[PDB]
């Protein structure tokens, strides 16, 4: 009864459903980001709409941490599926997060790793578990694994193949997860990514994203709502 859960989403459509569910909501506007406070099923939450990309997410994650001091962070939104058994709508939960577009290999850093940072960032084990519990209880299809981020919308061709080559175990790709993980790592705050698949990152990813965002928002949202419930009670 005194846990505050931070939730971060990039686009308005990706956070709109959850924003409308917040009881006693209030709006805080800062650094070009918006933070909704209130409760979601009796649980105190702080929902930030960050904007797209690594820097936007970092700026927002920093404002959320520094200002709302949430206990854990859940990054939601959509993603391009890379793992074979993923279909539009299915859930992906992060085990870990890595930048697919960071490269200081010229200095002997592991591909994806930035100097001063670990090669990848680990999601909180308990958060991952509660998320798997929800996945099982809602009976949805999900895959747990490495999620990779970059400042590009993958659309097949070279972009896609480079990622597949460098991160064969990557189960999905998007644009904010690793930045949020990087910031939480610095603030020593537990995180977990729970996203719904909107496309498969090929030549059709753009059209698929357009046709299925409502579906990904709904599916990811249901999971987040359920995860907050699960986390604060069980």
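Numbering follows the first chain given and starts at 1.
Student: Would you determine, from the values in the PDB entry, which of 169-177 and 196-204 has the greater average C-alpha temperature factor?
Tutor: Result of the comparison: 196-204.
Student: Please compare 107-115 with 121-129 and say which has the higher mean C-alpha temperature factor in the record.
Tutor: For C-alpha atoms only, the mean B-factor is higher in 121-129.
Student: Check the PDB entry and point out which of 145, 84, 77, 159 has the largest C-alpha temperature factor.
Tutor: Each of 145, 84, 77, 159 was compared by C-alpha B-factor; the highest is 84.
Student: Of the three thirds of its chain by CA temperature factor, lowest, middle or highest, which one includes residue 101?
Tutor: According to the entry, residue 101 has a C-alpha B-factor in the chain's lowest third.
Student: Could you look up the Cα B-factor of residue 135 in the entry and say which third of the chain it sits in: lowest, middle or highest?
Tutor: Residue 135: CA B-factor falls in the highest third of its chain.
Student: Sorting the chain's CA B-factors, does residue 149 end up in the lowest, middle or highest third?
Tutor: Its C-alpha B-factor, which the entry lists for residue 149, ranks in the lowest third among residues of this chain.
Student: By the record's CA B-factor, is residue 5 among the lowest, middle or highest third of residues in the chain?
Tutor: Tercile = middle for this residue's CA B-factor.
Student: Comparing against every modelled residue in the chain, figure out the third that the C-alpha B-factor of residue 67 lands in (lowest, middle or highest).
Tutor: Highest third.
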